[PDB]
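Here we start with a single chain on its own, the form deposited in one PDB entry, put down as structure tokens.
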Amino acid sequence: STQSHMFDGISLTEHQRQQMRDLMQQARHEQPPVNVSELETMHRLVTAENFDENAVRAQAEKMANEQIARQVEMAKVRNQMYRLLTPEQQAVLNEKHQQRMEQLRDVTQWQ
């Protein structure tokens, strides 16, 4: 996947916005589509006559290596987009991230 909240609500110059569009366009180009064959293999394990948790774990491990590759490459592109921002925009972005994380620690927001 490529969707992120990281840059939500940041006010960009036109030049910043264009560069970020370009960076994301190429990141997408390089990220392969969903590995449908791995989904099918996992489905056939989950529906097997004899459920094989070892086989399931091995298949999850195999799938996670693709996920790691995506996460690393997207971290790189997002770092690059971050480096186009001014110190002031970076500070806004970091504050928004802090407030977003606080939602995951604030029980009253889920009651």
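Definition used throughout: the rigid core is the maximal C-alpha set that superposes within 1.5 Å between two forms. The first residue of the sequence shown is number 1, and the count goes up from there.
Undergrad: Which is higher on average in the deposited entry, the C-alpha temperature factors of 63-71 or of 27-35?
TA: Per the deposited B-factors, the answer is 63-71.
Undergrad: Regarding 74-82 and 48-56, which shows the higher C-alpha temperature factor on average in the entry?
TA: Higher of the two, by average CA B-factor, is 48-56.
Undergrad: Based on the entry's values, in what third of the chain does the Cα temperature factor of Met101 lie: lowest, middle or highest?
TA: CA B-factor rank for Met101: lowest third.
What comes next is about the form deposited in another entry, which is not displayed.
Undergrad: So which one of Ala55, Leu85, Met42, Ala27 actually moves, Cα shift of 2 Å or more between this form and the one not shown once the core is superposed?
TA: If I go through the list carefully, the shifting residue is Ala27.
Undergrad: Note yes or no: does the Cα of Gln103 move by 2 Å or more between this form and the one not shown after the core is superposed?
TA: Moves: yes, 2 Å or greater.
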